[PDB]
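Chemist: Numbering (the deposited numbering), first residue to last: 1 to 125. By construction, the Cβ of each residue, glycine as well, lies at the ideal position given by its N, Cα and C atoms.
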């Protein structure tokens, strides 16, 4: 259930900030046609030589979770999406950067069980 994913991300966000508070994390949540979940963790730092240390921390602490390092801001959200689409052809990929977005995916699973949508993509700065 999505609450277990919502617990897990905090254990990562405390572990990563304990060694460096500057660095950002992206969480990829996969929904397969067979109902299986995958959880991919991506580290974005201002220097990828630091990101590699943080990734190694999560690799030792969570050996059953697959993880990545990234050098550019916002790019990994689309770059890794297409790698994930190529290796999960019968799946949906969602990206999370705060635990409220992990709560929103639980509401979006109900919108996907439904047949409805509202408003438009307005664009802003």
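Pull up the DSSP beta-bridge partners for residue 70, would you.
Modeler: Residue 70 sits at position 70 when you count from the first residue of the chain shown. DSSP, once it has assigned bridges, lists 44 as partnering residue 70.
Chemist: Please tell me whether residue 54 and residue 23 are closer than 7 Å, where the distance is taken between their beta carbons.
Modeler: The residue you call residue 54 lines up with position 54 of the chain shown. The residue you call residue 23 lines up with position 23 of the chain shown. In contact: residue 54 and residue 23 (Cβ atoms closer than 7 Å).
Chemist: Checking 7 Å against the spacing of the C-beta atoms, do residue 40 and residue 31 come in under that value?
Modeler: Position 40 of the chain shown holds residue 40. Position 31 of the chain shown holds residue 31. Cβ distance not < 7 Å, so residue 40 and residue 31 don't count as in contact.
Chemist: What is the residue span of the beta strand (DSSP E) that residue 95 lies within?
Modeler: Your numbering for residue 95 matches position 95 in the chain shown. Residue 95 -> beta strand (DSSP E) spans 91 to 96.
Chemist: According to DSSP, simplified to helix, strand and coil, what is residue 32?
Modeler: Locating residue 32 in the chain shown gives position 32, where the first residue counts as 1. Looking at residue 32 - three-state DSSP - the assignment turns out to be strand.
Chemist: From which residue to which residue does the alpha helix (DSSP H) around residue 104 run?
Modeler: Position 104 of the chain shown, counted from the first residue, corresponds to residue 104. Its alpha helix (DSSP H) spans residues 99 to 113.
Chemist: Would you kindly check if the distance between the Cβ of residue 16 and the Cβ of residue 25 is under 7 Å?
Modeler: Within the chain shown, residue 25 is the residue found at index 25, counting from 1. Within the chain shown, residue 16 is the residue found at index 16, counting from 1. Yes, Cβ-Cβ distance for residue 25 and residue 16 is below 7 Å.
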